[PDB]
>>> print(open('my_file_3.csv').read())   # CSV, C-alpha atoms
chain,number,residue,atom,x,y,z
A,2,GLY,CA,-4.3,-41.0,-2.3
A,3,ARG,CA,-5.4,-38.0,-4.4
A,4,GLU,CA,-5.5,-35.1,-2.0
A,5,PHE,CA,-5.2,-31.4,-2.1
A,6,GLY,CA,-1.7,-31.5,-0.6
A,7,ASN,CA,0.3,-33.1,-3.4
A,8,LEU,CA,-1.6,-33.1,-6.8
A,9,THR,CA,1.0,-31.4,-9.0
A,10,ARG,CA,4.0,-29.0,-9.1
A,11,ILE,CA,3.5,-25.4,-10.1
A,12,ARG,CA,5.6,-22.2,-9.8
A,13,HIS,CA,5.0,-18.4,-10.3
A,14,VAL,CA,1.2,-18.2,-10.8
A,15,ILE,CA,-0.7,-15.4,-9.0
A,16,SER,CA,-4.5,-15.4,-8.4
A,17,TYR,CA,-7.0,-12.7,-7.3
A,18,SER,CA,-10.5,-13.0,-6.0
A,19,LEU,CA,-13.4,-11.1,-4.5
A,20,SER,CA,-15.9,-12.3,-1.9
A,21,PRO,CA,-19.4,-13.2,-3.2
A,22,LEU,CA,-21.0,-10.5,-1.0
A,23,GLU,CA,-18.8,-7.8,-2.7
A,24,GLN,CA,-20.0,-8.4,-6.2
A,25,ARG,CA,-23.1,-9.0,-8.3
A,26,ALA,CA,-24.5,-12.5,-9.3
A,27,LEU,CA,-25.7,-11.5,-12.8
A,28,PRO,CA,-23.5,-8.6,-13.6
A,29,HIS,CA,-23.9,-8.1,-17.4
A,30,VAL,CA,-26.4,-10.3,-19.3
A,31,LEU,CA,-27.6,-8.4,-22.4
A,32,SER,CA,-24.4,-6.6,-23.1
A,33,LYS,CA,-22.1,-9.6,-22.8
A,34,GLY,CA,-23.9,-12.9,-22.3
A,35,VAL,CA,-26.3,-12.7,-25.3
A,36,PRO,CA,-23.6,-12.1,-28.0
A,37,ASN,CA,-21.5,-14.8,-26.4
A,38,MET,CA,-24.4,-17.3,-26.7
A,39,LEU,CA,-24.8,-16.1,-30.3
A,40,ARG,CA,-21.2,-16.9,-31.3
A,41,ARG,CA,-21.4,-20.2,-29.4
A,42,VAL,CA,-24.3,-21.1,-31.6
A,43,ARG,CA,-22.5,-20.0,-34.7
A,44,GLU,CA,-19.4,-22.1,-34.0
A,45,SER,CA,-21.4,-25.4,-33.9
A,46,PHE,CA,-24.3,-24.8,-36.3
A,47,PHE,CA,-22.9,-26.6,-39.4
A,48,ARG,CA,-21.5,-29.5,-37.4
A,49,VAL,CA,-24.8,-30.6,-36.0
A,50,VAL,CA,-27.8,-29.3,-37.9
A,51,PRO,CA,-27.6,-30.7,-41.5
A,52,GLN,CA,-27.6,-34.4,-40.3
A,53,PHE,CA,-31.0,-33.7,-38.6
A,54,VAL,CA,-32.3,-32.0,-41.7
A,55,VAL,CA,-31.5,-35.1,-43.7
A,56,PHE,CA,-33.3,-37.2,-41.1
A,57,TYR,CA,-36.4,-35.0,-41.4
A,58,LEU,CA,-36.4,-35.4,-45.2
A,59,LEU,CA,-36.0,-39.2,-44.9
A,60,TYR,CA,-38.9,-39.4,-42.4
A,61,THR,CA,-41.3,-37.4,-44.5
A,62,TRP,CA,-40.4,-39.3,-47.7
A,63,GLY,CA,-40.9,-42.7,-46.1
A,64,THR,CA,-44.3,-41.6,-44.6
A,65,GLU,CA,-45.6,-40.3,-47.9
A,66,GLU,CA,-44.5,-43.5,-49.8
A,67,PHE,CA,-46.1,-45.8,-47.2
A,68,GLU,CA,-49.3,-43.8,-47.5
A,69,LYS,CA,-49.4,-43.9,-51.3
A,70,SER,CA,-48.9,-47.7,-51.2
A,71,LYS,CA,-52.3,-48.1,-49.5
A,72,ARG,CA,-54.5,-46.5,-52.3
A,73,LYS,CA,-56.2,-48.6,-54.9
A,74,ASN,CA,-54.6,-48.7,-58.4
A,75,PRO,CA,-57.1,-48.1,-61.2
A,76,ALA,CA,-55.2,-50.4,-63.6
A,77,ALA,CA,-55.9,-53.3,-61.3
A,78,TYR,CA,-59.5,-53.4,-62.5
A,79,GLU,CA,-59.6,-51.3,-65.7
A,80,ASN,CA,-56.9,-53.1,-67.7
A,81,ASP,CA,-58.4,-56.4,-69.0
A,82,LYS,CA,-62.2,-56.4,-68.5
B,207,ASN,CA,9.1,4.9,-10.0
B,208,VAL,CA,12.6,5.0,-8.5
B,209,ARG,CA,14.1,5.0,-12.0
B,210,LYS,CA,12.0,8.0,-12.8
B,211,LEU,CA,11.7,10.3,-9.7
B,212,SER,CA,13.4,13.7,-9.9
B,213,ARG,CA,14.7,16.4,-7.7
B,214,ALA,CA,11.6,18.5,-8.4
B,215,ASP,CA,9.4,15.7,-7.0
B,216,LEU,CA,11.6,15.5,-3.8
B,217,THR,CA,11.5,19.2,-3.1
B,218,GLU,CA,7.8,19.4,-3.8
B,219,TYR,CA,7.2,16.6,-1.4
B,220,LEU,CA,9.2,18.3,1.3
B,221,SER,CA,7.6,21.7,0.7
B,222,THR,CA,4.1,20.3,0.8
B,223,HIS,CA,4.3,17.9,3.8
B,224,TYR,CA,7.1,19.1,6.2
B,225,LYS,CA,5.2,21.8,8.1
B,226,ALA,CA,5.6,22.7,11.8
B,227,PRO,CA,2.1,21.8,13.0
B,228,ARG,CA,2.7,18.2,11.8
B,229,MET,CA,5.9,17.8,13.8
B,230,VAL,CA,6.8,16.7,17.3
B,231,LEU,CA,10.1,17.2,19.1
B,232,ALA,CA,10.4,14.5,21.8
B,233,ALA,CA,13.1,13.8,24.4
B,234,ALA,CA,13.7,11.2,27.1
B,235,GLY,CA,16.4,10.8,29.7
B,236,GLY,CA,18.5,13.3,31.5
B,237,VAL,CA,16.9,16.3,29.7
B,238,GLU,CA,15.3,19.3,31.3
B,239,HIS,CA,12.2,20.6,29.6
B,240,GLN,CA,12.8,24.3,29.6
B,241,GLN,CA,16.3,23.9,28.2
B,242,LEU,CA,14.9,21.8,25.4
B,243,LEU,CA,12.2,24.5,24.8
B,244,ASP,CA,14.8,27.2,24.5
B,245,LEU,CA,16.9,25.2,22.1
B,246,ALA,CA,13.7,24.4,20.1
B,247,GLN,CA,12.9,28.1,19.7
B,248,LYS,CA,16.5,28.7,18.7
B,249,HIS,CA,17.0,25.9,16.1
B,250,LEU,CA,13.4,24.9,15.0
B,251,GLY,CA,11.3,28.1,15.3
B,252,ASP,CA,11.8,29.2,11.7
B,253,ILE,CA,10.1,26.2,10.2
B,254,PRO,CA,7.0,27.5,8.4
B,255,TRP,CA,3.4,26.8,9.2
B,256,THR,CA,1.2,28.3,6.4
B,257,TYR,CA,-0.2,25.6,4.3
B,258,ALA,CA,-0.3,27.1,0.9
B,259,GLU,CA,-3.0,26.8,-1.8
B,260,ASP,CA,-4.1,23.7,0.1
B,261,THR,CA,-1.4,22.2,-2.1
B,262,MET,CA,-1.8,19.0,-0.2
B,263,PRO,CA,-3.0,16.2,-2.5
B,264,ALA,CA,-6.6,15.0,-2.7
B,265,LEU,CA,-7.0,11.3,-2.0
B,266,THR,CA,-9.5,8.4,-1.8
B,267,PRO,CA,-11.5,7.6,1.4
B,268,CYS,CA,-11.0,4.3,3.3
B,269,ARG,CA,-12.6,0.9,2.4
B,270,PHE,CA,-12.0,-2.7,3.4
B,271,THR,CA,-12.6,-5.6,1.0
B,272,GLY,CA,-13.0,-9.3,1.7
B,273,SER,CA,-10.7,-10.9,-0.9
B,274,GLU,CA,-7.8,-13.2,-1.4
B,275,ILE,CA,-4.4,-13.1,-3.1
>>> encode(input="my_file_3.csv", output="structure tokens")
Amino acid sequence: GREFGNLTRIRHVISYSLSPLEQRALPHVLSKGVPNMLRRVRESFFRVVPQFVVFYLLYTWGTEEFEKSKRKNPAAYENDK
Amino acid sequence: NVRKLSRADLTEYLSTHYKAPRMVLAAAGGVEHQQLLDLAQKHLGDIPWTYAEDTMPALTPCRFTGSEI
């Protein structure tokens, strides 16, 4: 079936490659890779983060409320006698 | 390049590369050697030999790369 002899039909594309032993494995990290990671974080920040911030607010609120609910109310004894 | 090469380039090429100590006159067949040598002195002996200014171009040394096209 699917085999490297007849996958698709292409015309007029040229490629060039070096061998691994001719070139470096980690050529430019701090001059190219770091800024690229930075933009890659920039492009997705506001699509992911705010939902989790909202989750954090909800969690803390619900915890606080549950913990208030367990403390004794002075009006339950002071009001009528 | 062929749409842009000039007569100056052609004549410079010849003047810089076509020098006697880079040339061989060879013959095979029914040819006698001394006759060929006489004719060579008569018709080829005025070709110059003084490389001038080392006008010959500088060029890159050899290297082989494992690669694909």
>>> interface_residues(input="my_file_3.csv", of="chain A", to="chain B", cutoff="10 Å", atoms="all atoms listed in the file", output="PyMOL selection string")
chain A and resi 15-23
>>> closest_residue(input="my_file_3.csv", among="B:231, B:208, B:221, B:214", to="residue 251 in chain B", atoms="all atoms listed in the file")
B:231
>>> atom_distance(input="my_file_3.csv", atom1="CA of residue 257 in chain B", atom2="CA of residue 220 in chain B")
12.3 Å
>>> atom_distance(input="my_file_3.csv", atom1="CA of residue 225 in chain B", atom2="CA of residue 255 in chain B")
5.4 Å
>>> closest_residue(input="my_file_3.csv", among="B:264, B:258, B:246, B:211", to="residue 230 in chain B", atoms="only C-alpha atoms")
B:246
>>> atom_distance(input="my_file_3.csv", atom1="CA of residue 29 in chain A", atom2="CA of residue 269 in chain B")
24.5 Å
>>> residues_around(input="my_file_3.csv", residues="residue 262 in chain B", least_positions_apart="6", cutoff="10 Å", atoms="all atoms listed in the file", output="list in words")
residues 219, 221, 222 and 223 of chain B
>>> decode(input="my_file_3.csv", residues="range 239-263 of chain B", atoms="N, CA, C and O atoms", output="compact mmCIF listing (two decimals), in the first residue's frame")
# COMPACT_ATOMS: atom_id res chain seq x y z
N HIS B 239 60.97 13.24 -35.27
CA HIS B 239 61.03 14.10 -34.10
C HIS B 239 61.81 15.38 -34.36
O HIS B 239 61.40 16.47 -33.95
N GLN B 240 62.96 15.27 -35.04
CA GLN B 240 63.81 16.44 -35.24
C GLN B 240 63.16 17.45 -36.19
O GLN B 240 63.31 18.66 -36.02
N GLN B 241 62.45 16.96 -37.21
CA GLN B 241 61.70 17.85 -38.08
C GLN B 241 60.64 18.62 -37.30
O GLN B 241 60.47 19.83 -37.46
N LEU B 242 59.91 17.90 -36.44
CA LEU B 242 58.92 18.54 -35.58
C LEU B 242 59.57 19.59 -34.69
O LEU B 242 58.99 20.66 -34.46
N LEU B 243 60.77 19.31 -34.18
CA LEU B 243 61.45 20.25 -33.30
C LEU B 243 61.88 21.51 -34.05
O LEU B 243 61.75 22.63 -33.53
N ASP B 244 62.41 21.34 -35.26
CA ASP B 244 62.74 22.49 -36.09
C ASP B 244 61.51 23.35 -36.34
O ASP B 244 61.54 24.58 -36.17
N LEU B 245 60.41 22.72 -36.76
CA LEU B 245 59.18 23.47 -37.01
C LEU B 245 58.67 24.15 -35.75
O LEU B 245 58.13 25.26 -35.80
N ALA B 246 58.84 23.49 -34.60
CA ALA B 246 58.41 24.09 -33.34
C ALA B 246 59.21 25.34 -33.02
O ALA B 246 58.65 26.35 -32.61
N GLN B 247 60.53 25.29 -33.21
CA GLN B 247 61.32 26.50 -32.99
C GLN B 247 60.91 27.59 -33.97
O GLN B 247 60.88 28.78 -33.61
N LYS B 248 60.58 27.22 -35.21
CA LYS B 248 60.26 28.24 -36.20
C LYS B 248 58.92 28.91 -35.92
O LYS B 248 58.79 30.13 -36.10
N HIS B 249 57.91 28.15 -35.48
CA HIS B 249 56.54 28.66 -35.43
C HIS B 249 55.98 28.84 -34.03
O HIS B 249 54.92 29.47 -33.89
N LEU B 250 56.64 28.33 -32.99
CA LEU B 250 56.16 28.42 -31.62
C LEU B 250 57.18 29.00 -30.65
O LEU B 250 56.87 29.14 -29.47
N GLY B 251 58.39 29.33 -31.12
CA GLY B 251 59.46 29.73 -30.23
C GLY B 251 59.35 31.14 -29.69
O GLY B 251 60.10 31.50 -28.78
N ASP B 252 58.44 31.94 -30.23
CA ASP B 252 58.24 33.31 -29.78
C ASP B 252 57.15 33.44 -28.73
O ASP B 252 56.86 34.56 -28.29
N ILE B 253 56.53 32.34 -28.31
CA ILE B 253 55.54 32.40 -27.23
C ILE B 253 56.25 32.77 -25.93
O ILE B 253 57.30 32.18 -25.60
N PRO B 254 55.76 33.74 -25.17
CA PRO B 254 56.49 34.21 -23.99
C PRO B 254 56.41 33.22 -22.84
O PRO B 254 55.62 32.27 -22.83
N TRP B 255 57.26 33.47 -21.84
CA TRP B 255 57.38 32.58 -20.70
C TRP B 255 57.46 33.28 -19.36
O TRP B 255 57.42 32.60 -18.33
N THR B 256 57.54 34.60 -19.33
CA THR B 256 57.74 35.36 -18.11
C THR B 256 56.40 35.63 -17.46
O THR B 256 55.65 36.52 -17.89
N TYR B 257 56.06 34.87 -16.42
CA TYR B 257 54.83 35.17 -15.70
C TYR B 257 55.04 36.50 -14.99
O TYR B 257 56.06 36.75 -14.35
N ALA B 258 54.05 37.39 -15.15
CA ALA B 258 54.24 38.79 -14.80
C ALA B 258 53.37 39.16 -13.61
O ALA B 258 52.16 38.95 -13.61
N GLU B 259 54.01 39.73 -12.58
CA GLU B 259 53.30 40.27 -11.43
C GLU B 259 52.63 39.16 -10.66
O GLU B 259 51.80 39.42 -9.79
N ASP B 260 52.96 37.90 -10.97
CA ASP B 260 52.19 36.78 -10.48
C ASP B 260 50.71 37.06 -10.67
O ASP B 260 49.88 36.88 -9.79
N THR B 261 50.39 37.56 -11.88
CA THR B 261 49.06 38.01 -12.21
C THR B 261 48.05 36.89 -12.12
O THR B 261 46.84 37.13 -12.08
N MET B 262 48.53 35.65 -12.06
CA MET B 262 47.68 34.49 -11.92
C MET B 262 46.77 34.63 -10.70
O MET B 262 47.22 35.09 -9.64
N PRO B 263 45.51 34.24 -10.80
CA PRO B 263 44.56 34.47 -9.70
C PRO B 263 44.84 33.59 -8.51
O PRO B 263 45.28 32.43 -8.64
